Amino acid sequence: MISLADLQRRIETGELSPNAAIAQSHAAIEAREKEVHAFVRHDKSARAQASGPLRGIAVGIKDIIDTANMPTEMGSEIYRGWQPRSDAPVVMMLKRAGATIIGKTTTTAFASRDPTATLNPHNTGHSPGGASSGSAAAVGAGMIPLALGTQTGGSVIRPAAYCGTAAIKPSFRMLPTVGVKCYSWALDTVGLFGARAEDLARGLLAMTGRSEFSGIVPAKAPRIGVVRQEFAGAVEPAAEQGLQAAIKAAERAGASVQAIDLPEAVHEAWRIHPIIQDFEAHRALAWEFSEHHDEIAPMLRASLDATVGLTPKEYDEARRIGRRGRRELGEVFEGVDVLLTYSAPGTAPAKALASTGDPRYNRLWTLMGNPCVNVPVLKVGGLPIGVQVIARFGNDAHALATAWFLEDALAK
């Protein structure tokens, strides 16, 4: 993988030139695209910018995120050749920082369940996860130092775990979803894919200019609370192997780890997530569902069909349960600085299964809005397994700090 921070430092000390950095990505992409299929379109003419912390940094953009110079096809035939008039605000945050928009990465149709052609860098016979399939795969294949994706259920954490890359889902609404195809406005959150925690940090700093993302340093003796999300069901062995590996490493590094069971209010918030997601999806994809029903990919079309009956009443109750859950989650963070759990059910599913993986271990947090970071831990049978670091809402900076701490911890 390509480290953004590494590129940054080297370019800063005139050790590496921006044009060089960019030319390397163009090479890295072509070098493996016919094998991974991470890009919907690759702008081979993209060049480094003159100034800015992100000059020489090539970035991939999930194709539900508007670009003014490239089509944004939403992963649907319904939007084939669709060309937005402007760049999404998050794309502008990168461009303003000096970034190079090297292309649009693949995405499941409307960021849902329908698999793309993208394959896992670690194993071409496996899925790279979803819905940010291309962003995760491309960063995992060492094609680009950064990529943007989005999360409604678990389209950022899950695929990063499956592809063995670091990633983060900032606190809800921190990054604007303006010019980002909506699935569910109560959940939709933009995310970043990088090689390491430090890379995500420098990316957020550049995009937002928020001081809390400046000079972040690994956490010292973090207080960690381990939650296995029992309510989500039975986890796969490989996922547990990684969690135990992560726990053991953290303990050796000085962390105090303690198991904990989440409040009943949280179990509930987790159960009604589908309600909020699906009731809104029907409002959000009204035009598509009414005028182009049959053109909506199979899996998404089926879940929308099964849920046309959701009512505003049960939708409102779902949200009350959501709020209850947030208020009680905050209490948990009194005795811990972070929570550590699974990032996915297990290693990435074989492509033959036609599944991008179950978001059951991710969905809850998207609803709570807390910052989440995926920390690569190990690999079983060649397929990556990561753990998920979660902090109090608004403390994205510490989450990355602890994730960083964990990365070093695992490296011993």
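Start at 1 with the first residue shown and count on from there.
Of the two segments, 166 to 174 and 256 to 264, the one listed with the higher mean B-factor is 256 to 264 (C-alpha atoms only). The deposited model assigns a higher average Cα B-factor to 246 to 254 than to the other stretch when 282 to 290 and 246 to 254 are compared. Among 199, 314, 305, 334, the highest C-alpha B-factor in the deposited entry belongs to 334. In the deposited coordinates, the residue among 81, 215, 179, 274 with the greatest CA B-factor is 215. Sorting the modelled residues of the chain by their CA temperature factor places residue 349 in the highest third. Ranked by C-alpha B-factor against the other modelled residues of its chain, residue 150 falls in the lowest third. When all modelled residues of the chain are sorted by CA temperature factor, residue 124 is found within the highest third. In the PDB entry, residue 241 places in the highest third of its chain by CA B-factor. Looking at the C-alpha B-factors along this chain, the one for residue 62 belongs to the lowest third.
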